[PDB]
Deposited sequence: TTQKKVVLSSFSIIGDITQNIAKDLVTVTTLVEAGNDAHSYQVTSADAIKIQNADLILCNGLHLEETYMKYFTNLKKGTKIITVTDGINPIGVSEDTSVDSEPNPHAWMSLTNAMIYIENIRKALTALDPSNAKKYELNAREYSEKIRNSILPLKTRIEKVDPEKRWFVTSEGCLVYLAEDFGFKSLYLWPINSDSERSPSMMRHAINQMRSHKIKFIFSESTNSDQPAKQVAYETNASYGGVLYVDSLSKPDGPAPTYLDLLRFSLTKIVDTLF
């Protein structure tokens, strides 16, 4: 039985839905661990050795631990599951390093799925028909759950078309649905979170009468709450974007993560 190692929980879950136990699906950065800054352990290095295929996000998500994907099993490829996604830069001024959060998007969910289907099929061609069926079923499950939320979201008055968060985690969602983005820092890892970016967000929220700003499940709510105060806006609560929740939490699968976060967003806009 083949072993397919996913870099983090969101990719591992997508992969499990496509492979359904035809391969063993492992995960490097388990849920609750940070995919932006991770220390590969000795046990993790076993997972890396056992991998017949390695599935990474790319868009520099894994940049600080790519060095551990070395001394690999002969024939083991590293696949970038965001291939075909046009990158969005980390500069709020449009060039720069890529924003990695491409999975927060309905269109892109379909691309992650297709890339993973394609890679599994190249790895394990005797099961091509099963990966084919499974990928389509899962794509449809995603669409069936998430499309109605998009449909709701698209009714928003153009003046209110803003997703404002702490980390720049919704830039791909904004692009997918036709909203503008505002945030406090591009990526949670960066230890430099800047006064200028906070000042800018505050000024922009005032300018555009933006009513809500969120924080996320792996960062502090304190900046968002402060910005809310300074802008006469409201704190919108906690989104799930960077990791699956614990099994008994609200976002234990990728579909549940998208569904939770987009539900919470649309419940703010109306």
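Which parts of the deposited sequence have no C-alpha atoms in the model? Several stretches lack coordinates - namely 1-3, 98-99, in sequence order.
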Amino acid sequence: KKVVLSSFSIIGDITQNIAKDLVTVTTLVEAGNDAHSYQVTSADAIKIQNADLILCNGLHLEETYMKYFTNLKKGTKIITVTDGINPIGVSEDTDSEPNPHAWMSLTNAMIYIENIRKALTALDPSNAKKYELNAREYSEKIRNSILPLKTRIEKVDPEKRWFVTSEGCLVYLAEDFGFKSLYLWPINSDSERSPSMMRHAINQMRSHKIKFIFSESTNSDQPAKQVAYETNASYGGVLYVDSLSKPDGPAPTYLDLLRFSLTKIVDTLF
From here on, numbers count along this sequence of modelled residues.
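Should the higher mean CA B-factor in the entry be assigned to 194-202 or to 164-172? Higher mean C-alpha B-factor in the PDB entry: 194-202.
Given 7-15 and 21-29, the range whose Cα B-factors average higher in the PDB entry: Result: 21-29.
I'd like to know which of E114, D83, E137, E97 has the highest C-alpha temperature factor in the PDB entry. Of the candidates given, the C-alpha B-factor peaks at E97.
Between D44, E216, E62, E230, let me know which has the highest C-alpha B-factor in the entry? Of the options given, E230 has the highest CA B-factor in the PDB entry.
Is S181 in the lowest, middle or highest third of its chain when residues are ranked by C-alpha B-factor? Top third by C-alpha B-factor.
Assigned third (lowest, middle, highest) for the C-alpha B factor of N50: Tercile = middle for this residue's CA B-factor.
Among the chain's modelled residues, which third holds the C-alpha B-factor of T76? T76: CA B-factor falls in the middle third of its chain.
Grab the CA temperature factor for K141 from the record and place it in the lowest, middle or highest third of its chain. Ranked within chain, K141 CA B lands in the middle tercile.
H101 - Cα temperature factor, lowest/middle/highest third of chain: Lowest third - that is where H101 ends up once the chain's C-alpha B-factors are sorted.
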